[PDB]
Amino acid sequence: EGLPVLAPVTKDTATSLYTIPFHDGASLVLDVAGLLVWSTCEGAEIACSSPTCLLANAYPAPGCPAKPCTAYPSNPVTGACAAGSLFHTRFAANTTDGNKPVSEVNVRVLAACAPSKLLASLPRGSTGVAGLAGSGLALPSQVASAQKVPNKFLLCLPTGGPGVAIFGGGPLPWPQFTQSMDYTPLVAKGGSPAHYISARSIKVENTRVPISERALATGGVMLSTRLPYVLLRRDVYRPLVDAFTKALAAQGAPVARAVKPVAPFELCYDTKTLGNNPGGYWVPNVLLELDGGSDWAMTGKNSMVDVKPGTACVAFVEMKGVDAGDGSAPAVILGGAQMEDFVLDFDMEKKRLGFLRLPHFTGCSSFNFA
């Protein structure tokens, strides 16, 4: 039919990136801010004057500049990019009713070839990147027009086990829970595919982090799957971290011990001095108060990264190379661990992000084929 398309999502342990099967027991890296689908190939036509081509190069990625279509795939980890051209390939997955995988499907899609040197630092078995940011050549837009479904995708990233990617709308999964999904606008930024939302305020425990009037801009929160942790601009980092540490120090909890800072985190602890509760490590809750009147909760499972056995570090890292309130840079880039066990509905047609933190006793990996 024109049915939504489901792929399971793997959190790769060594990299903390998330992938989906693509074809031939090869996988792509989900990159929510990415504009292209790209991979390596074996040894497809379209003119570089064509709208398709021009749209693919309409927002040249950092390192890159700009007759067959030459596109410019980039690696989301390293920032390396490279020339390559477009080729028809197949994205093999299953259709879905919303609850489970129904039938196999190969979706005709356009990807750019990339040289193998571009796989650097991506997960073993990965041949490339599923760009999800709203566009022309991103995976959700191509699945949409290839399968005649909404230009809309759904992610439920796992902490472990297979999570969920659904492209094309349809009923929400976990209908027992997602009837109460909250919604926040996707804010348009200039020259930029990406996904932005707005938060009026951040709370640590029950109390607001003293951050301006409007530094949590309109669209000052970006989502990304490139890092596990959260990046904060200067004007948000110090105050959020300070509030977090004072609230940490007020816990009947064990007295936390600070240990040897592991990079890039400049705040780590010994896990035998962190307590454990249903939220994960017993550290203060941090809530983003989003447009829409609903909060995005973070608990220990989101706010702390288990770096090595015995140590866990606070998953807020400062942006380097950056002024306080530099409008161009987002105030908060929220990472993959801050989206795990959220059902995220990225509705590009209605300019909104549905979000719902699933209950503590389940997770994204509980989706499936009884």
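Counting begins at 1, following the sequence as shown.
- Going from residue 251 to residue 252, you skip over 1 to 3 residues of the deposited sequence that the entry leaves unmodelled.
- Per the record, residue 66 and residue 67 are separated by 4 to 9 deposited residues that have no coordinates.
- Here 295-303 and 115-123 are compared by their mean Cα B-factor, and 115-123 comes out higher.
- When the C-alpha B-factors of 170-178 and 82-90 are averaged, 82-90 comes out higher.
- Taking the deposited Cα B-factors for 232, 217, 288, 157, the highest one is held by 217.
- Per the deposited coordinates, the residue with the largest Cα temperature factor out of 259, 227, 129, 143 is 259.
- In the PDB entry, a CA B factor belonging to the lowest third of its chain's modelled residues is recorded for residue 340.
- Compared with the other modelled residues of the chain, the Cα B-factor recorded for residue 188 ranks in the middle third.
- The PDB entry assigns residue 21 a C-alpha temperature factor belonging to the middle third of its chain's modelled residues.
- Residue 283: CA B factor lies in the lowest third for its chain, per the PDB record.
- Among all modelled residues in its chain, residue 162 ranks in the lowest third by Cα B-factor.
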